[PDB]
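**Q** quick one: experimental structure and sequence below.
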Protein chains: 2
Amino acid sequence: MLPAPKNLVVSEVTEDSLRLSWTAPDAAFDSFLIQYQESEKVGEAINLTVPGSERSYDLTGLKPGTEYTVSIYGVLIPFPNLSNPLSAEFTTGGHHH
Amino acid sequence: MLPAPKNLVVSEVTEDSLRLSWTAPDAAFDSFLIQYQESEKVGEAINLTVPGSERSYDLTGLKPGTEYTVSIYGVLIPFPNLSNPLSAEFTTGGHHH
């Protein structure tokens, strides 16, 4: 289990936008996943992804006087799993020039 | 350790091309990595990736009467690792209309 980001805060609160900020734990991430949605309306979260270098993000296109539930996760993208190799030597037709 | 693909074979041998074929083990892959290079020339492998649905691939742009070392690996792309979420409820300015 990777440690969660810490201290999710808001600033630059307007009628249609919110600046999110957070702090990195003792592990670096490739990305942060930010999920958000109106706390009351029935429906699905909107998913945003930002590079792991980032510590703030501006949410935009929001509604005035409205509560939003915001969740942030650290994301680590593992290297792919490789099998053992299978090898052969194959030779094209004709003669080498 | 994922099991290797099996039975790497060649067909449609021409002066400039080789059809590779192989068999899947008792595990499915997202992709196969195919590395190939002239067996004798000093230099780097060429890396090709094909979807895990595939069981043959045509190597092209080759030299006549030339031996190529070919290696194939199964590739599995894991789901990303997620931290625990950190959540908050934030509220935009103004009044709801």
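**A** All right, it came through fine. Numbering: from 1, shown residues only, chains lettered A, B, ... in the order given.

**Q** partner strands of the longest strand seen in chain A, parallel or antiparallel?
**A** The residue-count maximum for a strand in chain A (DSSP state E) belongs to strand A:67-76. Partner strands for strand A:67-76, per DSSP bridges, with pairing direction: strand A:31-38 (antiparallel), strand B:81-82 (antiparallel), strand B:86-91 (antiparallel).

**Q** mean neighbour count for these - can I get that in CSV?
**A** (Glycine included, C-beta is placed from N, CA and C.) Shown next, in CSV, are the strands paired with strand A:67-76 (neighbours: other CB atoms under 10 Å in any protein chain shown):
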stretch, mean neighbour count
strand A:31-38, 19
strand B:81-82, 16
strand B:86-91, 16
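
**Q** out of those, which is closest to residue A:88?
**A** Ranking those by proximity to residue A:88 (CB to CB) places strand B:81-82 first, at 35.6 Å.

**Q** looking at the strands paired with strand A:67-76, which is closest to residue A:87?
**A** Closest of those to residue A:87 is strand B:81-82, at 31.8 Å (criterion: CB to CB).

**Q** and the closest one, how far out from the chain middle?
**A** On the basis of CA atoms, centre = their mean, to the nearest Å, strand B:81-82 sits 23 Å off its chain's mean C-alpha point.

**Q** which residues does it contact?
**A** Under the contact criterion CB atoms under 8 Å, 6 or more residues apart in numbering or on different chains, strand B:81-82 has outside partners A:2, A:33, A:73, A:74, A:75, A:76, A:77, A:78.

**Q** hmm, which of those are the buried ones?
**A** Neighbour-count burial (16 or more other CB atoms under 10 Å in any protein chain shown) applied to the contacts of strand B:81-82 gives A:2, A:33, A:73, A:74, A:75.

**Q** so what's the residue lying farthest from the centre of chain A up against?
**A** What lies farthest from the middle of chain A is residue A:95; by CA atoms, centre = their mean that is 54.0 Å. Listed by CB under 8 Å, 6+ apart, the contact partners of residue A:95 are B:64, B:65.

**Q** host element of it?
**A** For residue A:95, there is no host helix or strand (DSSP states H and E).

**Q** what about it, distance to residue B:10?
**A** 18 Å (CB to CB, to the nearest Å).

**Q** closest one of the buried ones among the contacts of strand B:81-82 to residue A:60?
**A** Nearest member of the buried ones among the contacts of strand B:81-82 to residue A:60, counting by CB to CB, is residue A:33, at 17.8 Å.
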